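K.L.:
Here's a structure for you.
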Amino acid sequence: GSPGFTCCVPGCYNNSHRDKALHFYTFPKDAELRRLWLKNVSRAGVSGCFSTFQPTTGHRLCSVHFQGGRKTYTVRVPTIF
Ligand SMILES: [Zn+2]
């Protein structure tokens with residue numbers, strides 16, 4: 001696929017540009033909640049508003065973020081960092 005975008009992982013599974021070979025979850029059905037995730041996923045290049053990993057091709061998230069599994073307990077948005 002793309003040259004990267006394996007979840008801007010500051011510490012979770014694999015990150016938005018250093019693996020691309022593990023599992024990724026997809027974006028909810030509700031547009032906004034989606035943009036909310038946009039946040040947890042990274043942002044304007046995490047420094048400059050270049051455009052890389054543009055969340056158009058379909059940005060998905062990596063494993064080790066939710067607790068237990070299937071989203072529950074309290075964590076809804078994959079931000080664990
Ligand atoms: Zn991740």
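Simple scheme: letters A, B, ... for chains in structure tokens order, numbers from 1 for residues in each chain, numbers from 1 for ligands in the order shown.
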May I have the residues within 8 Å of stretch 4-21 of chain A as a count of residues only, using only C-alpha atoms and disregarding those fewer than 3 positions away in the same chain?
P.N.:
14
K.L.:
Quick one: pick out all alpha helix (DSSP H) residues within chain A from a backbone DSSP run and write them as a count of residues only.
P.N.:
11
K.L.:
What does the distance between atom CA of residue A:30 and atom CA of residue A:54 come to in Å, to one decimal place?
P.N.:
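Distance between the two atoms: 19.0 Å.
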K.L.:
Using DSSP assignments from the backbone, pull out every residue in chain A that falls under strand (DSSP E) and give it to me as a PyMOL selection string.
P.N.:
chain A and resi 24-25+61-62
K.L.:
Might you pull out every residue within 10 Å of residue A:66, with only C-alpha atoms counted and same-chain residues fewer than 6 positions away left off, and present them as a list in words?
P.N.:
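Returned residues: residues 12, 72, 73, 74, 75, 76, 77, 78, 79 and 80 of chain A.
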K.L.:
With distances taken over only C-alpha atoms and all ligand atoms, which residue among A:67, A:51, A:40, A:56 lies nearest ligand 1?
P.N.:
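When distances to ligand 1 are compared using only C-alpha atoms and all ligand atoms, the smallest one comes from A:40.
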